[PDB]
Each structure stands twice: as C-alpha cells, then as structure tokens.
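Visitor: To start, I am sharing the structure in question, which I have written as structure tokens.
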Amino acid sequence: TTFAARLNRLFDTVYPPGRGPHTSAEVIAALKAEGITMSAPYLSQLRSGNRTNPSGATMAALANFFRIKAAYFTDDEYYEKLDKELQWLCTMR
C-alpha cells in the first residue's frame, strides 16, 4: 500500500465523531499550531500520489496529528493490524 493510500485511509478513519473527517486545511492549521510548516499544495501532492517518498519529519508530523506511530506508513504488518484497530475505534467513537 502506497503512502497516499495510507494517508487517505487515516483521513477516512481518524476524525472527531459527530464532526467528520478533517479537511487538508485543518491538518495544515493544526501542524502550524505546533510550529510545523506544510504547504497546502504539498499535502495535496502527498494525498494524490503526485509526490511520494515524504521525509521522516513529514511522516512524523502527520503521524503525530493522527496520533499514530509513523511505522503505520512504513511497516506492512503494523499498518494492517493498526488500520483494523483504528476502524474499530472509529465505530466505537
């Protein structure tokens, strides 16, 4: 599974219940609030598969926002199990 599919997966499964999925803009704003700069065009490139191979710092920033380890992006075994746990927590929320 590519980075973009995994990131889109997080957008679809980790969000405030009785709100809905975060917008890309909300993520950029949340990152900005923590001293982290990410352009709107770059986030769209990452989500659309136009830019692959994000840096460690980027994956970490996105992982922190979604409250997950970045190993979600880089470890197949881990991704598959955690995605399932997140899905379940999503219904629980």
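Using the authors' numbering, read the sequence shown as starting at 4 and increasing by one per residue.
Backbone N, C-alpha and C fix where the C-beta goes; we use that ideal spot for every residue, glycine too.
(1) Taking all protein chains shown into account, decide if residue 117 is buried (16 or more other Cβ within 10 angstroms of its Cβ) or exposed.
(2) Report all residues from its chain with a CB closer than 8 Å to the CB of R54; omit the five preceding and five following residues, and keep chain order.
(3) Out of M95, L85 and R96, which has the shortest C-alpha to C-alpha gap to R12?
(4) Between the region 27-44 and the region 71-84, are three or more C-beta pairs nearer than 8 Å?
(5) Do you know offhand how far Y18's Cα is from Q90's?
(6) Which term fits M95, buried or exposed, when burial requires 16 or more other beta carbons within 10 angstroms of its beta carbon?
(7) From this set, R50, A8, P57 and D78, which residue's C-alpha is nearest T26's C-alpha?
(8) On the three-state DSSP scale, how would you describe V30?
Guide: Checking against the coordinates, here is how it stands:
(1) The displayed coordinates of the chain run from 4 to 96. Any statement about residue 117 would go beyond what the structure contains.
(2) As a working mapping, residue 54 is identified with position 51 in the sequence shown. Correct list, in chain order: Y45 and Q48.
(3) Locating residue 12 in the sequence shown gives position 9, counting from the first residue. When only C-alpha atoms are compared, the closest one is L85.
(4) no
(5) Numbered from its first residue, the sequence shown carries residue 18 at position 15. Numbered from its first residue, the sequence shown carries residue 90 at position 87. Approximately 11 Å between the Cα atoms of the pair.
(6) As a first step, residue 95 must be located in the sequence shown, where it is residue number 92. Its Cβ having fewer than 16 others within 10 Å, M95 is exposed.
(7) If you number the sequence shown from 1, residue 26 lands on position 23. Answer by Cα proximity: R50.
(8) Sequence index remark: in the sequence shown, residue 30 carries index 27 (1-based). Helix, per DSSP.
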